[PDB]
Amino acid sequence: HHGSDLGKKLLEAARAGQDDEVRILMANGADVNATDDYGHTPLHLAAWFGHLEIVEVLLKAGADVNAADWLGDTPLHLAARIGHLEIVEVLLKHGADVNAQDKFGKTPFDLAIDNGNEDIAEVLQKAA
Amino acid sequence: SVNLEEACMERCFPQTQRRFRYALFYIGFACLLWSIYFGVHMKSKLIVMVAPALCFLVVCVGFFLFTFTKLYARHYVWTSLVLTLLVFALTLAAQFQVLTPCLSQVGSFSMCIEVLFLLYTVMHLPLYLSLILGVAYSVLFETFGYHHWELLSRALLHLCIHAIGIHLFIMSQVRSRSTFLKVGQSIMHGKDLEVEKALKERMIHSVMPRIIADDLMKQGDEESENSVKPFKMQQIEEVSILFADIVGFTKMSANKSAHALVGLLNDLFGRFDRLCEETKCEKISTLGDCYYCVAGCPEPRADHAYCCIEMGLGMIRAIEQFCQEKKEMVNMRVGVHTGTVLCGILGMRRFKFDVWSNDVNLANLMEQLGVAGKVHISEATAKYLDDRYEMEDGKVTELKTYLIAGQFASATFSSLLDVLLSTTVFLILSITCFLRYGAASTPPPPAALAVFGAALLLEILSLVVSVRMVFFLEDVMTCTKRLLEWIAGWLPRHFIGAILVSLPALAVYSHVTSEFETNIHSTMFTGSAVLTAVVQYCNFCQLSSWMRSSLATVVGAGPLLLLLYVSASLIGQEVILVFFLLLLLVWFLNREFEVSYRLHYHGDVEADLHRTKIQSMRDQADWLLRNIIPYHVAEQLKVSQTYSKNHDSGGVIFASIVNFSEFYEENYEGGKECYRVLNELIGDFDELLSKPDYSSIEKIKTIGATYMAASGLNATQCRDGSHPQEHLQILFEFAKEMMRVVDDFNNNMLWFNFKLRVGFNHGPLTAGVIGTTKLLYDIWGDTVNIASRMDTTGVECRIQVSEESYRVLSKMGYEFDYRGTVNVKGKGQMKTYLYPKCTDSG
C-alpha cells in the first residue's frame, strides 16, 4: 500500500524466521501477498530460509499458489530446486500445477533432475 | 532593421491593392447617389452640380485601370496622395456655396466623415502627414462653413472623430507588423529542425548497427524511443569472428608527441572499415591496439568465412603497404574463428552493440597463439572452406588449426486600449450634448443626468477591472479578483460588449426625449451628434462582427426611423440617405479588421507549435552527444577536426565477474534471462555514477562482461587550495562502493554467488577520438595493458594493486597484504598486493 513498509518488514521477518513479528504484523493488517521490488514472495523466502512454520502461517494467512518472480518461477519450481520434500508436499497439497513452466521454459521435473533430487521426481511423476 | 522594415512592406502589397480598389468603388458609388439626388428629385434649377459628379466618376475609372501599371509598385503611396488631394478639393468646393438664408449641415458633416475615414484607413500613408492633413481639413471645413456654441460643438466633433481614427490606424499598423514577424519565425524553425533530425540519425547509426537502427527509427519499440530520450537481443549460429592486434604496439609509442598516433590510427581504421563496407562485412569495435570484426551478425550469410579470410588478407596487404609507405616495420597478429554467438546491447550508459560466447574468448586466445603475418584458421573454419587456397597446418610448438600466409500584440492589452477609447469619447460626446444648453443652466429632463451617472459608473468599473487585470495590481486580494475574472468566456464578452457598444446611442437620446421639433437648429444638431455617435461603434475588435454591425445599425438608426413620424420631411430623406451611406462604410470596415484579427490568431498558434517541437529534438541530440564523448572534447571539436591529448599520471581500475563462466546454462531457449539480470546489474552500476560528486570518474566502456574506468583526467582545473591527487583515493572508494553493491545484489540474487577480479593501476596515458562520421573515444598508453594483465592475474573479491600504486596508497590510510610475485610481459617481474584482509577462514 501507501508507504508500504509493512510489505518489506513482513518479508524481512519472513526470511528472518521471527514468528512473533509476523504475527504482530498480521495483527497490523499486513498485506499477505506483499512482495519485494523483484517479485519474490514471502512463501519463496520461507522456502529459501527453510522456515516451514512460516510456510503454514502464510498459507493460512491467505497466500497464493503460483507466485512468480522476475524469473517467473512458481514456488513448486523453487522447492524442487531446493530439495526439501516437506515443503514440496505442503505446497502441492494446495494444488499447484505441474504441467506448467516458468519463463525458463522447464517443468519442475527438469529442475528436480538437474538439482539431483530424486524424491521430488517420483513425487511429481505420479501426478496427473 | 532597414532591410527588415523594407521587406516588411515588400510582403504587404496585394492587401493594400485590395483596400485601394474597394475605396475607389465606394467613393464612386457615393458620388453617383448624390448626383441622382441632385438631379431627379430636388435641385432642378441648375446643372452645375452634376458635371463634377460625372468627372469624378471618370477619374475613378481612370484610377481603377491605372493601378495595373508597373510604375506603381514603388509609387502607389503618392498615387493615393494625389487622389486624396482631389477629394479634399472637391469636398471643400461642394461646401463653399452655402449659407443662403443651400444644403443642410447633415450632408456636409457626413461627406466630411467619409472623406476622413477613407483617408485614415486605406490610403496607407505615413502618420504625421495623415494627421496634419486631418487637422487642416477639419479647420478648413469649419471655417468655410461660416459663409459660436454650435461651431464649438462641431469642432469637438472633429476632435472625437480624429481620436477614433488615429487609434484605429495604430491598431492596424501593429497587427500588420506582428503577423509577418511570427510567420517569419515559423519559416525559420523548420530547416533547423530538419538539420537536427539528420544529426540524430547519423549519431544513432554510429553508436549501433545498421539493421537495428533502420528497424527502430520507425519507432517499432516505443520503449527504445523513450530510452534514447527497451530493445531486444538475439542468438545466431555459424558466424565468423576476426581479431587483429598490433605487434610491438608499445614500441611505436616510446617518446612521440601522442598526436601522430591518433591520425595514423584514424587513417588505418578508415582504410580498414572502408574495405569493410566495400566487402559487405560488419565491424564491431576496437580495444586500443586491437581491431576486430564479425561477418554475418545481423543477417547471416552463406559465405561469410570467405569474407572473413579476405578481410584478413586485405588487412595484411594494407599493413604491408603502409610499412612500405611511411617506413615503419610492423606486423599484425590475426585470429579467426567460426561458431555461435548471442548478440545484444548492455546497459543504458555508453551502451554499444556487442556479441558474447565462449567462442569469442577462444578466438582472442587463438589469435594470441598464432604467428604474426599469417592468419590462424580453425578446423571449424575449415569445415566448409572449399580449400581454394594454400592449405598449410601451423600448430603451437610449446585444435586442428591451420596457418594461411595468404593467397505589444497581447490580446488583453487591446481591451485596455479600446475601453479607454470608448469611455473618453463617450464622455466627451455627453459633455457636448450637455453643452447644448446656453440659456437654461439646468436640464429639464433628469433622465440625462441619471444616464450620465450610470454610464460614468459602468465605464469606471470596467476600467478599474481592466487595469487590475492587466497591471496585476492585486491591491486588495488575488482570489477575489480571480472569481471576479474567470466568468468572461464567449457569452459574457458578447453581452458586455453589446452593452458597451450600444450605450452611446442611449446617451444621445437622453436629450431628444424633451422637445426638439420647434426650433430648426436642434434637429440638425441631433442628426450631427447621432452620426458622430453611430460611427464610434466599431472599435471593439476583440468581439465578433455581425453582432457589432447589427447592434450599431439598429440602436443607432432605428430610433430615428421612430422619431421620423413626429412631424420637416425633406431633411428626413437626406438624413436617411447619409445614414445609409454611413452604415455601408462601417460594415465593410469592421469586416476588414475582424478578418485580420482572425488570421493573426491562426498564425501565432503554429509559431509556438513549431517552437515547442524543436526543443525536444535539440535536447535529445545533445544527450546523445553526451552519451559518446566527454563534454570537454565536445566543445574542443566545435572549433577543431580531431582530438588528442596526454596525461602524465592518471588512475585506472579494471573489473570483471569471474564465476560467470559456469553460469552459461543454455537449457533455456537463448539463455537471455541471465544477461537480462546482468543488464539490471550494470544499469544499477551506471545509476551509481549518477551521484553529483562523481564528476571525477570516467567509465571508458563495457568490454564484453568487463568494466573499465579511469580518473584524474576530466579535472582540467587546478587550485592552490586543493590537493590534485584526491582523484586516486576517491576512485579507490568508488571501487569500494562497487564492491558493496555487488555484495548487496549477491544477497538479493537467488542462489548464485557473483565474484569478480578487480585490479588497479595508475600512470601516464593518452586519449583520443577515432571515428569520423562514426565516433569512439579511447585511451592508450603503457600502463593500461599492464593493469589489464595484472587484473587478469588477480583473485576474486580481492583488489589487486600495482606496486607503485600500492606505494602511493599505503601512506593514505589503507592497509594491504603482499600476495606474491607475478611476471608480466613488457615490464617483467612485478610484486602484487591485496586489499582484503582476513576474508577467508585461514
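The numbering shown runs from 1 along each chain in the order of its written sequence and may not match that of the entry; residues for which no coordinates exist are omitted. Whichever chain is written first is A, and whichever ligand is written first is 1; the rest continue in order. With hydrogens and water stripped out, all remaining heavy atoms of the structure feed into the side-chain values. Residues with missing side-chain atoms are left out of burial classes, side-chain pairs and their counts.

Its PDB header names cryo-EM as the technique used to obtain the model and reports a resolution of 4.3 Å.

Under the PDB entry, the name given to chain B is Adenylate cyclase 9, and the organism recorded is Bos taurus. UniProt positions are given in the numbering used here, feature names are shortened, and annotations may be inferred rather than shown by experiment. Note on chain B: under the UniProt heading Subcellular location (unreviewed entry), the record states "Cell membrane".

The name the PDB entry gives chain A is DARPin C4, with synthetic construct as the organism.

Trainee: Hey, could you run me through the overall build of chain B in this one?
Mentor: Numbered from the N terminus, helices here are DSSP runs of H or I no shorter than four residues, and strands are runs of E no shorter than two. Counting its regular elements, chain B contains 25 helices and 15 strands. Expected size for 842 residues packed as a compact globule is a radius of gyration near 28 Å; at 45 Å, chain B overshoots this value by more than 25%. For the radius of gyration, the atoms used are the C-alpha atoms, and the globule rule reads 2.2 Å times the number of residues raised to 0.38.

Trainee: How should I be thinking about the overall build of chain A in this particular structure?
Mentor: For chain A, the helix and strand inventory stands at eight helices and zero strands. Counting from the amino terminus, chain A carries its helices and strands in the arrangement α-α-α-α-α-α-α-α. For chain A, the C-alpha radius of gyration of 15 Å lies close to 14 Å, the compact-globule estimate for 128 residues. Expressed as a percentage of its 128 residues, the buried residues of chain A come to 40%. We call two residues in contact whenever any of their non-hydrogen atoms come within 4.5 Å of each other. When contacts within chain A are restricted to residue pairs at least 6 apart in sequence, those whose partners lie at least 24 apart make up 66%. Two residue types count as positive, namely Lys and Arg, and two as negative, namely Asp and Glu; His and chain ends fall outside the count. Charged side chains are reduced to one point each, which is NZ for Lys, CZ for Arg, CG for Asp and CD for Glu. Where the 10 positive side-chain charges of chain A centre and where its 22 negative ones centre are 1 Å apart. When accessible area is computed with a 1.4 Å probe and restricted to protein chains, residues below 20% of their type maximum are described as buried, those above 50% as exposed, and intermediate ones as partly exposed.

Trainee: Any chance you could explain the interface of chain A and chain B here in plain terms?
Mentor: Many descriptions give the size of an interface as the accessible area lost when the pieces come together. Between chain A and chain B, the residue contacts involve twelve residues of the former and ten residues of the latter. Regarding the contact of chain A and chain B, the summed buried area is about 1100 Å², with carbon and sulfur atoms giving 71% of it. We define a salt bridge as a contact between a side-chain nitrogen of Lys or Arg and a carboxyl oxygen of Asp or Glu at a distance within 4 Å. Between chain A and chain B we count zero salt bridges in total. Any N or O atom pair separated by 3.5 Å or less is treated as a polar contact, with the protein-specific requirement of one donor-capable and one acceptor-capable atom, and with residues adjacent in sequence counted only for side-chain atom pairs. Applying the counting criterion to the chain A and chain B interface returns one residue pair in polar contact. The leading source of residues in the side of chain A that touches chain B is helix α5 (residues 75–82) of chain A, at three residues. Summed over both partners, buried area is the accessible surface (1.4 Å probe) that two parts give up on being assembled.

Trainee: What exactly am I supposed to notice about a nonpolar patch on the surface here?
Mentor: Residues and elements named next belong to chain B. What goes into a patch is any residue over 30% in relative accessible area without a salt bridge, connected to like charges within 9 Å or, for nonpolar side chains (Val, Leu, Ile, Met, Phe, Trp, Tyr), within 5 Å. Note on areas: Shrake-Rupley, 1.4 Å probe, and residue coverage restricted to the protein chains presented here. On the surface, a cluster of nonpolar side chains totalling about 1000 Å² of accessible area is made up of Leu32, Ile36, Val40, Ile47, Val50, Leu54, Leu57, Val58, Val61, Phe64 and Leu65. Elements represented by at least two residues in the nonpolar patch include exactly α2 (13–41) and α3 (51–66). As for its placement among the helices and strands, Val61 is situated in helix α3. Judged by relative accessible area, which is 45%, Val61 ranks as partly exposed.

Trainee: Would you mind showing me how to read the packing of helix α7 (residues 149–207) of chain B against helix α14 (residues 411–435) of chain B here?
Mentor: In a pair of packed helices, the angle between the axes and the distance between the axes together describe the arrangement. All names here are of chain B. Interaxial angles span 0 to 180 degrees and are taken between N-to-C directions of axes, which are lines fitted to C-alpha atoms, for helices over the stretch in contact. Interaxial distance between α7 and α14 falls to 10 Å at its minimum, and their mutual angle equals 175°. Here α7 is positioned roughly antiparallel relative to α14, judged by the angle of their axes. Seen from α7, the contacting residues are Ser153, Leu156, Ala163, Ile164 and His167; seen from α14, they are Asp418, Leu421 and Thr432. An angle below 35 degrees is read as roughly parallel, one above 145 as roughly antiparallel, one from 65 to 115 as roughly perpendicular, and any other as oblique.

Trainee: What's the story with the nonpolar core in this structure? I'm lost.
Mentor: In a soluble, globular protein the nonpolar side chains are often hidden away together inside. All names here are of chain B. Side-chain atoms within 4.5 Å link the members of a nonpolar core, which is a set of buried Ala, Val, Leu, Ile, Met, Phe, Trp, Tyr and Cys residues. In terms of nonpolar packing, the biggest core is built from 44 residues, with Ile161 and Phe579 touching the most fellow members. Within the residue set of this core, elements represented by two or more residues are α2, α5 (105–120), α7, α14, α17 (491–512), α18 (520–535), α19 (546–563) and α20 (570–628). With nine residues, α17 is the single largest residue contributor to this core.

Trainee: Honestly, the domain arrangement of chain B in this entry has me stumped. Any pointers?
Mentor: All names here are of chain B. What the domain assignment reports for chain B is domain 1 (210–404) and domain 2 (642–834). Between the C-alpha centres of domain 1 and domain 2 the distance comes to 25 Å. Taken residue by residue, the interface counts 24 residues in domain 1 and 24 residues in domain 2. At the boundary of domain 1 with domain 2, total buried surface from both sides reaches about 2400 Å², with 59% on carbon and sulfur atoms. What marks off one domain from the next here is an automatic or database domain assignment.

Trainee: It is not clear to me how a negative patch on the surface should be interpreted in this structure. Could you clarify?
Mentor: On the surface, a cluster of negative charge is made up of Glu12, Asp19, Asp20 and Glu21 of chain A. When residues in the negative patch are grouped by element, the largest group, three residues, is from helix α2 (residues 19–27) of chain A.

Trainee: Can you walk me through the pattern of salt bridges in this structure?
Mentor: Working definition: two side chains of opposite charge can pair if their charged atoms are close together. Residue and element names in this part refer to chain B. Per the stated rule, a full pass over the model turns up 18 salt bridges over all chains. For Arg807, the salt bridge goes to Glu803, with nearest N and O atoms at 3.2 Å. Remark: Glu803 and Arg807 occur in helix α25 (residues 803–810); sequence separation between them is four residues, near one turn of the helix. Here the residues in one salt-bridge network are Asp245, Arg333 and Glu367, joined through shared partners.

Trainee: Before we go on, may I ask you to explain the side chain of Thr179 of chain B in this structure?
Mentor: Residue and element names in this part refer to chain B. Here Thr179 shows up in helix α7. Residue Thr179 is classed as buried on the basis of its relative accessible area of 15%. In contact with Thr179, other than residues within four places in its own chain, are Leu599 and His600.

Trainee: Looking at this structure, I do not really get the pairing of strand β9 (residues 697–703) of chain B. What am I missing?
Mentor: The side chains of a regular strand alternate between both faces of the sheet. Taken across its seven residues, β9 of chain B has six buried, putting it largely inside the fold. Counted along the chain from β9 of chain B to the antiparallel partner strand β10 (residues 706–711) of chain B, the turn is two residues long, and its residue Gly704 of chain B has a positive phi close to 60°. Pairs of strands are assigned from DSSP output, requiring at least two bridges between the strands.

Trainee: Would you explain the UniProt feature "binding site: Mn(2+)" (unreviewed entry) in chain B in this entry?
Mentor: Residues and elements named next belong to chain B. In the UniProt entry, the feature "binding site: Mn(2+)" (unreviewed entry) is given for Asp245, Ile246 and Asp289. Maximum C-alpha separation among the annotated residues is 5.8 Å over a sequence range of 45 residues, consistent with a single clustered spot. Residue placement: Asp245 occurs in strand β1 (residues 234–246). With relative accessibility at 5%, the residue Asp245 sits in the buried group. Ignoring any residue separated from it by four or fewer positions in sequence, one finds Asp245 in contact with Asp289, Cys290, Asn331, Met332, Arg333, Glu367 and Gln368.

Trainee: Just checking my understanding: could you explain α5 of chain A for this structure?
Mentor: Given 3.6 residues per turn, any residue in an α-helix points the same way as the ones three and four places further on. All names here are of chain A. With six of eight residues buried, α5 lies mostly within the body of the structure. The complete set of buried residues in α5 reads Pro75, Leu76, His77, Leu78, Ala79 and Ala80. Next to the buried residues of α5 lie α3 (42–49), α6 (85–92), α7 (108–114) and α8 (118–125). In the segment just after α5, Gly83 is the residue with positive phi, at about 120°.

Trainee: Help me understand the environment of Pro692 of chain B in this model?
Mentor: Counting through the fold element by element, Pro692 of chain B comes out in the loop between α22 (672–689) and β9. Sequence-wise, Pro692 of chain B and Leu585 of chain B are 107 residues apart; in three dimensions their C-alpha atoms are separated by 69 Å.

Trainee: Explain the packing of aromatic side chains to me, please; I cannot follow it from the model alone.
Mentor: Centre distance and the angle of the planes are the two values used to describe a pair of aromatic rings. Residues and elements named next belong to chain B. Between the rings of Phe, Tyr and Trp (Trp by its six-membered ring), a pair exists once the centres lie within 6.5 Å; its type follows the angle of the planes, with under 30 degrees stacked, over 60 edge-to-face, and the other angles tilted. Inspection of the entire model under this criterion finds 37 aromatic pairs over all chains. With a centroid separation of 5.4 Å and an interplanar angle of 5°, the aromatic rings of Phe243 and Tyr292 are classed as stacked. A residue pair is termed long-range when its members are at least 10 positions apart, and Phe243 in strand β1 and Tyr292 in strand β3 (residues 290–295) qualify at 49 residues. Each member of the aromatic cluster is reached from another via a ring pair, and the members are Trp356, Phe660, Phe663, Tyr664, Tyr675, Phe752 and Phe754.

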